[PDB]
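[1] Need coordinates for the following:
(chains A and B, ligands or ions: 2)
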2 protein chains.
Amino acid sequence: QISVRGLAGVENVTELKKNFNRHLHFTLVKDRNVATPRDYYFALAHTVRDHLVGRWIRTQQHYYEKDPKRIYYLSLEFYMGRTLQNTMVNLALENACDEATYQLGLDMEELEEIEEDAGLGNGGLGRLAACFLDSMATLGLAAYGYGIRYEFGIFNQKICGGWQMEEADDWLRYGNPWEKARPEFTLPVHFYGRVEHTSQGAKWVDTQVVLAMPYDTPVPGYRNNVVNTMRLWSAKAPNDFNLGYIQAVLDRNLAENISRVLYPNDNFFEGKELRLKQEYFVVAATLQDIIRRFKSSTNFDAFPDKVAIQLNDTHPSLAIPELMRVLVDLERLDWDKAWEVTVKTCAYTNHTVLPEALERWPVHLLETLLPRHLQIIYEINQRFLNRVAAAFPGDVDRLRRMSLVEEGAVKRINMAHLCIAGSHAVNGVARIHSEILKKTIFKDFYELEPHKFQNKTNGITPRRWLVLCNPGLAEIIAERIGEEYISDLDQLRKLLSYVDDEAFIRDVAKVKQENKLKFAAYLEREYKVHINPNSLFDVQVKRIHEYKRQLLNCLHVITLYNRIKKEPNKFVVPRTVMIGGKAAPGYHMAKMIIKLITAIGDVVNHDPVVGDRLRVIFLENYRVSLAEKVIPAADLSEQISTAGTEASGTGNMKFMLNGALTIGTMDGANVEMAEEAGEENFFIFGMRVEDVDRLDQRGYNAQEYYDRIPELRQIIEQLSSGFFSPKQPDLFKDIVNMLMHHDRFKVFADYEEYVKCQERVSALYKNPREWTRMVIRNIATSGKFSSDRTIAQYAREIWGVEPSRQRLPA
Amino acid sequence: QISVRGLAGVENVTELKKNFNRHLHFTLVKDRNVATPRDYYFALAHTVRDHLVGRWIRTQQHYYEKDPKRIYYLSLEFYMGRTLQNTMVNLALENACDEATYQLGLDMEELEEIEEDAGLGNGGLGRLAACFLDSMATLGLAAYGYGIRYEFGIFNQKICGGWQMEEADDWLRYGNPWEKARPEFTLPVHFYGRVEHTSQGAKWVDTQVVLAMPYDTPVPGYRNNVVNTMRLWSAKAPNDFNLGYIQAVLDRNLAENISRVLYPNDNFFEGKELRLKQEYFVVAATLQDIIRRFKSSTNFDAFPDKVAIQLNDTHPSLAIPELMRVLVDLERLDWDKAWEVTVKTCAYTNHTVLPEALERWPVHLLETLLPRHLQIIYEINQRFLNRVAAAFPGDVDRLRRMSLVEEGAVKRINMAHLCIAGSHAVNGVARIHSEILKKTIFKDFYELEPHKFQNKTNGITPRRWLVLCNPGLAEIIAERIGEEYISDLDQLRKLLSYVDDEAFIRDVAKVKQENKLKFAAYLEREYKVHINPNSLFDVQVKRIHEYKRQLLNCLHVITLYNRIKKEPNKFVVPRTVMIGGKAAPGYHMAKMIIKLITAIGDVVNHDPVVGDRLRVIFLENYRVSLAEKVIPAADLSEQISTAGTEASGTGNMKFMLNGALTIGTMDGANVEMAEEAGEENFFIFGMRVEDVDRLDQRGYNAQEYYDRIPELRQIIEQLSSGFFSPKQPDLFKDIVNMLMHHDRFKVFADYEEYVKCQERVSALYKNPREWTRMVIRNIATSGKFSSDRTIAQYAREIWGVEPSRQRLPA
Ligand SMILES: Cc1ccc(C(=O)NC(=O)N[C@@H]2O[C@H](CO)[C@@H](O)[C@H](O)[C@H]2O)cc1
Ligand SMILES: Cc1ccc(C(=O)NC(=O)N[C@@H]2O[C@H](CO)[C@@H](O)[C@H](O)[C@H]2O)cc1
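    Numbers count the residues shown, from 1 in each chain, chains lettered A, B, ... in the order given. Ligands and ions are numbered 1, 2, ... in the order given. Let me share the structure:
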C-alpha cells in the first residue's frame, strides 16, 4: 500500500501464507473452523518470529568470532509495549504480512490489537531502556539488555466513579511468543547468611539460594540483519527448598515472589525488602553471566576492554560492590586492582534531582540480607573519604556530605554516592539537568572528579515513534527526501526547504486530520465517548506527579470554562483537552488529581451552553500502545513541569516528531527542543530555573497570587465551595490546602503566563496555514532527539566503541 | 531393527530428519554446535507431536458429527509416566524415528531417558486411569480423562543414610511439549459464600471465584488413528483478586495453590481443606465443560443417553451433589427428575476396604466451603433413608449404618455412601474384592439395591507393559503368532502350543537374560551398585504399606542370611532381592520399613561368607519409568498382601505378562491369575480370606508364633538386640513392638508357609528348562488382564456403549 512499509513480493506473500497455515495447524492445534482472532494473532506472531531466528543465531555467533567489547545495559525496567508491528517494521515485512493476511481474509490491524503490552516499566526511565535497545541493535553494537521478567507489569488502570482503580496486569496469561526460556543457563543467587573470616580471605556462608532462570527476547535492528538479546531473569525455588511436606512445597512461592511484580511507585523511594531482593537478584545473576562470557572468549586487566556495564539509575547499583565481591573474594585479586577494574567497567545515569526519589537503603536491611556487601560498601566509603580528606584538608563538613553512609535516626546508604564513587562516568539526561547535577546535588563530587561528569541528552527511536505509529507522516516525508532518514534522523532538516511548499503544507495538515479522525473513532468504539475532530487536540499524557503540574492544566481548563460561561456568545477556538496517566497506588495527591480531572469533565462535558467548544477527557490506562495512538493525533503537547524538576522528558520528543506544537517551560529537554526549532516556533512560558531560585530565597507565598488574580480566586472558590462536587462539597479540600499552603511546585506562580501563552496558541490555530508551517519547522528540526544520536554519544564518550551502520549478511 | 517397531521407509526417515532439523532451528533456536542432549530430545518430541495433530483434530470433529455417547473419566490421579516412546509405538513410528536419529548421529534411547515422568499419581489407582485412557482410545470410545494439572507430582525419593528423603518433583521445569494450553476455555469455580432462599429457589451468593484453565494432552489409540483428550485443570486467580497493592498481587498465590501439588498420602485419609478444594475444583470445572458440550450438540431427559461419568474412587464424589445443584438451582428441574438423571449418569469404582483410607469429610468443612452442597447432601440423605425405612420397617440400626451422615464427636459425611446412593453402578476391581464389598462394608446397600453391584477386574495396557518396555519378548511372540495380539491379548493362548518347542523355550529364556543384563548395567551406571546377573531376580515393587507386607519379605531375606551363616559351605540358589517403593511422608511405620530394608542390605551385602549368593537392594525412586525397566528383568514377582486387603493389584499383571513367576497369597487379582494359569503354575501360599476371619474370631496372638518357631525367634532377637543397627541398638523397637503386639496384618501367621513356598521357588529355578516352561504357561494365559478387556466390560455393562476396533482415515 505505502512505500516505507516494504515490498509485497509474490514469493514472500505465498511463503508467509503457508507458514501462517502451518502454525495455525501444528502450533496452535486449530483449523479455520474453530479459530478465534487471538489464534490468528498467534499464528501471525509465530510466522514473523521464524524470520528472526536465523538472524538471531548468526548475530550471536558473529559476536563470538569477532569478540568485540560487549555493552551490558542493566535496568529494573524495560517498557517494551507490543512486539509484532515493530518486528515487521525492522524486518521490512509489514506490507508482505498485510497482503498475506488480506488474502487469508484477515485484517492485520485487528490482529495487532490482540497483543498485550510488555508493560515492564513505569514511564520515562523504562521507555528509555526500550528505545536504547532498538538503537543499539540498529547501530550494530554487541549489546545486551538485562532485567527482571515480571509476571505482572505496571497495573491496568480502570476509572470507577472518577477514581483510579488498579488491577493486575496478567500479561503472560495467553503466553508470550517472543521469549525463549533458557533453563540450561540457570544461575544461583544468594541471600542472608553471614560473613566468616579465614586465613585466606572473607567467606560468605550459610546463605539461602534462589535460582535465576533466563528468558531471551530478540531485539532486531532496523533492516541491518542484526538481532540482539534482551535477557530477563525469572526467580525459581531450588528443589530441596524447605526440604509439613505440603506446606514445604507451597512455601516455594516465597522464593519465586522475587520476580512476581513491578514496583509501581515512581514518585517516592520506599525501603521495602522485596524491592532490595529484586535489585540484587538481577545484579547477581547478570554479573555471573557477564564473567562467564568473558572467560569463554584469568587476566582481569582486560575486563574493562571487553565489558561495559551501564546502570539505569541507582536501581542496579549493587553491581559495584557485587563486582568487587566476585573479584576479591572469589578471584582473589587485591583490592586496588579490583577497584580499578570496577570503576573502568561501570557508568551511572541519573534521572531526577528530586530527593524523595533517591534510593537510600537502611543499613539494617543490608546487614541482614547482604552482610558481605555492607562490609564492602563500608570499605569503599573509608577509602573514598580518605581521598576527599587528602584533596580538601580540614573540610570536615564536606566529609559528612560526601559520605556514602548517611547518619541519623536510621543509618542509610546513599546509593547515588556509591554509583559516583564506583563509576568512570556519571551523566544527566538533558543539558540543563546535567548542569544542575554539577551545581547542586553532586557539586562536591564534581569538584573532586570533574572528568567523571557528562551530559547525554535523551532521545526516542524514530522506528516505533514515527514509522510504526504514524506511517502516513513517514510516507509523505519519504516522498520528498527518500527513506534514509529513518536511521539518520538529522536528514529531516532537508524538510526546511518545503516550508513554503503548498503541496507539502496540504499533505502535512491532511495526515494530522486523518490521525485525529482515526483517534476520534477509537474513542467512540472502545469507550463510547464523543469528540469533535475539528477542535484543537490539547493533550498531556505522562505519569501523574505534582511536579509535572497536571494541576496547572486543570486551572487553565476551568478558566476557559468560566470565560465561556461569562460570555457565551463570544467565539472561542474549540478544544478537546485530553489528560491521561497512571498514579502510583500510594500517592494520595496524584489520585486526587485524577478525580479532579474527571470531576471537571463531568461539569464541562454536560453544560449545554458550552456545546462542542470545550471537552475534557481523561485517557484511561495510558501505556505504550495508547501513546502510539494519541501522539500522532495531537495538535498541542503540554510539557509544563516547574523549571528544574523534569530531568529530560521524552514524551515531548515524541510529540515534536509527530507534528504537534509544544507549550512548555524551559525545563529538561524542552530547552534543547526550543533551541533546535527556534524560540519563535515554540510556545515557551513561565519561570526559568533562576526565577524559581529567586522565589525560594524570598519565600513562595501562594496567597499573593490568590489576592492579585481575580480569575484564579474564582477557581479556588469553586473548588472549595463544592462546585465540582455538589454531593461532597469538601472533596477537594486537600488540593486547595496544598495549593494555598504547601505547594513545592509553584503552580500559582506560572498561572498568568500560562493562560496568556495559551491564548497565543488558540490565535495561531485560527490560521491553519501558519500553524502547519510552524509544525513543519518543528518536525524538520527534531533529528537531534533520535536515540540513535544518544547511543552514538554513549558509545563514543562512555563505552569506547564505534557504532556501525553496516549490514550483516541475510 | 525388529518387526513390531514398524517400517523405516525412505520417505518417512527423510521427512523425520528434516522436521527434526526444522524444530531444532525454529522451535528451540539452536544449531548443532550449541545443542545439548535435552535440546535433541525436545526436537524429537516436537517432531513426533506433529504427527498427532491432524489425527487429534479429525478425531474431535468426528465425535462432533457422529455425536456418540461421551465417557467422562474423573480422577484426581493420572499416573502417565513418559509420553515419547508410547506415542511412537501407537503411531508405528518407532523404527523410523530410530533410523532418522541414528543418521543424524544420535541414540534415541539416550534421548528418551531425558523426558520427565508425568507423575500425577500415587500408585495403582492413578496408573489404572492411565492404562484406561490408552484402552478407551484403542477401542474407539469418545472418552475424555479429566483431572488436575499438578505443578508438582509425586515427590522424588532420595535415600540418605538409609532413610527416605522427599524432594519436589518439578516436572514442568523445562516445559511439557505434549500439552496445549486452552486459556479460551477458562471456567469459573466458586468457593465459600452463603445460601440465600428466594421465592423461586435457592441461590448461592457472595462466593470467592477461582478460575480453571484447561490444558489438553493427546491420548493416541493403538494404530487406529484415534486421538482422544486428557484435559487437566490449572488454578488461576481472577484479575481483580484482592483488588497494600504489592501484597494483593502476591496473595494471588493463595488461589493458585489449589493445583500446586499432589497429595502423596495413599494410606490414610486426611481431612485437609486444600484437598477438598482440589476435589471440588476438578468436579465443578469438569461438569460445566460436560454440560456445555451436551448443549452444543434444554431437554435433560436425554442427558444420560449422551453422558457417562465414571468416578475413580470417591475423590470426585462431589460430582453427584454438583450435578444436582446445576440441574435444580440453575436449570430449574424438579428434584426427582434431576435425581433420575444424576443416578443414570454416574457410576462409582471402589479401590479398598481398609477403613482408614475411606473419605469421611467433617461437616464443618463442607458447611464453610460448600454450604449449598451440604444442604443438597442432607436432602439426598433424608430421601435415601426414607427408602431404607420403607424397605426395612423397624430396622433402626440399619438406618444409622446406611446414613451418609456419620454421628460422633465430629459429624462427617461418608463419601462412599453418597456414591452408592447417587450411582446406577458400583464396582470392585477384582472378583474377590467385589464379593467382599457385597458381604462386608456395603452389605446393607447390596441388600437394598443388588442390581447396582458389579465386578470389573482390573487390567493393564499391553502397549506400555509389553511392546514398549519389553520389545524383545514382543518380537519373539510376534514371530510365532503374528502381531494382532497387541490389541487382542487373548491371542496369547496360542502360545500354549509352543510349551514343548525347544526353539521357543530357548528364545523366552534368552530374552529374560538380556533384560537382566541390561538392568544389571543400569544399576552400575546410574547407582554404582553391583549385582550377579545369574542370580534369581526376586522383586517386590509397589508403595510401602503394612498390608502389602514388605516386612514378610524382610523376614524371609533374614532367614536366608541366617541359614547361610549356619551352613556356609552348603549350596543355595543365588538371589538378588530387590525391594522398592515410596512411603507416604507421614506414614512413620512405612518409613521405618524402608530403613530396615537398607539396614539388612548393609549387613548382607558386606558379609564375606555370603559372597554373591545373596544381595539386598532398595530400588530408589520407584515410578512408572523405573517399572518399565525392572519388571522385564524380574524372575520372581512378590505379591504377598494379607488375604482380603489388596483390592486387586496391577503390578502382579505386569510381571505375569513379562515372564516372571508369581509368589503370592490368594488376594485381589492373584486369585484370577492363578485361575487363568493353573494353580500348578503359580506359587500360592498362606491364609485364605476365610482363615484370616477364623483367626480374628479367635484373636491373633503373635507370641504363639514366636514361641513355636525357633527361626522366627532368632530374627526378632536380632532386630531387638541391635544386630542390624550396632550403633543404635533400639532403632527397630517400633517394628518389633508392632509385630509382637499390634499387627493388623498377621505377618507371623504366614511366615512358615512363605519360607516353605520360597524353597519350592529355588528348587524350580535350579531346573532352567522347567522354570521357562512354567513361564510360558503364565505369559500364554495373561490375556484376560489386558485393560482392553476391562474397558470393553465397563463399556457394555456400565456405560452402554459398543467398542470399535475400526480405523479412522489417516
Ligand atoms: C523509585 C523510582 C522508581 C522509578 C522511577 C521512574 O520511573 N523514573 C523515571 O521514569 N524517570 C524519568 O526518566 C526519563 C528518562 O531519562 C526522563 O526523561 C524523565 O525526566 C524522568 O522523570 C522513579 C523512582
Ligand atoms: C486417600 C487415598 C488417596 C489415594 C489412594 C491410592 O493411591 N489408592 C490406590 O492406589 N489404590 C489401589 O488401586 C488399584 C487400582 O484399582 C488396585 O489395584 C490396588 O489394589 C489399590 O490398593 C488411597 C487413598
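[2] number of nearby residues for residue A:759?
    Using other CB atoms under 10 Å in any protein chain shown, residue A:759 has 9 other residues around it. In short, each C-beta sits where N, CA and C put it, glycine included.
[3] Which parts of the stretch 351-500 of chain A are helices?
    In the stretch 351-500 of chain A, the segments counted as helices under DSSP state H, counting those that start in this stretch are A:363-369, A:371-391, A:396-402, A:415-421, A:431-439, A:443-448, A:462, A:471-481.
[4] Could I get the contacting residues of residue A:652?
    Shown here is residue A:652, whose contacts under the criterion CB atoms under 8 Å, 6 or more residues apart in numbering or on different chains are A:637, A:639, A:662, A:664, A:668, A:669, A:670, A:673.
[5] Quick one, which of these are buried?
    Restricting these to buried positions leaves A:637, A:639, A:662, A:664, A:668, A:669, A:670, A:673, with burial counted as 16 or more other CB atoms under 10 Å in any protein chain shown.
[6] Residues in contact with the helix or strand that contains residue A:21: which ones?
    In this structure, residue A:21 is located in helix A:10-22 according to DSSP states H and E. The set of residues external to helix A:10-22 that reach it, using CB under 8 Å, 6+ apart, is A:43, A:44, A:47, A:50, A:93, A:96, A:97, A:99, A:100, A:101, A:103, A:104.
[7] Kindly report the same for stretch A:704-715.
    Under the contact criterion CB under 8 Å, 6+ apart, stretch A:704-715 has outside partners A:555, A:558, A:559, A:562, A:716, A:740, A:748, A:749, A:751, A:752, A:755.
[8] I'd assumed the third one was in a helix, is it?
    Yes. Secondary structure assignment places residue A:559 in a helix (DSSP: H, G, I helix; E, B strand; the rest coil).
[9] now the contacts of residue A:652 as CSV including distance to ligand 1?
    Written out in CSV, the entries for the contacts of residue A:652 read as follows (distance: CB to the nearest ligand atom, whole Å):
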residue, distance to ligand 1
A:637, 14
A:639, 10
A:662, 15
A:664, 13
A:668, 6
A:669, 7
A:670, 11
A:673, 12
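[10] re earlier: tell me the two of the buried ones among the contacts of residue A:652 that are most distant?
    Set against one another by CB to CB, the buried ones among the contacts of residue A:652 have their most distant pair in A:637 and A:668, with a gap of 13.1 Å.
[11] quick one: furthest residue from the center of chain A?
    Relative to the C-alpha centroid of chain A, counting by CA atoms, centre = their mean, residue A:199 is the outermost residue, at 48.1 Å.
[12] if I look at that one, how far off is ligand 1?
    Between residue A:199 and ligand 1 the distance is 42 Å, computed by CB to the nearest ligand atom, to the nearest Å.
[13] Enumerate every residue touching that residue.
    With CB under 8 Å, 6+ apart, residue A:199 has no contacts at all.
[14] cool, residue A:604 as well?
    Contacts of residue A:604 were listed using CB under 8 Å, 6+ apart, and they are A:557, A:561, A:610, A:614, A:615, A:616.
[15] All good on my end, thank you.
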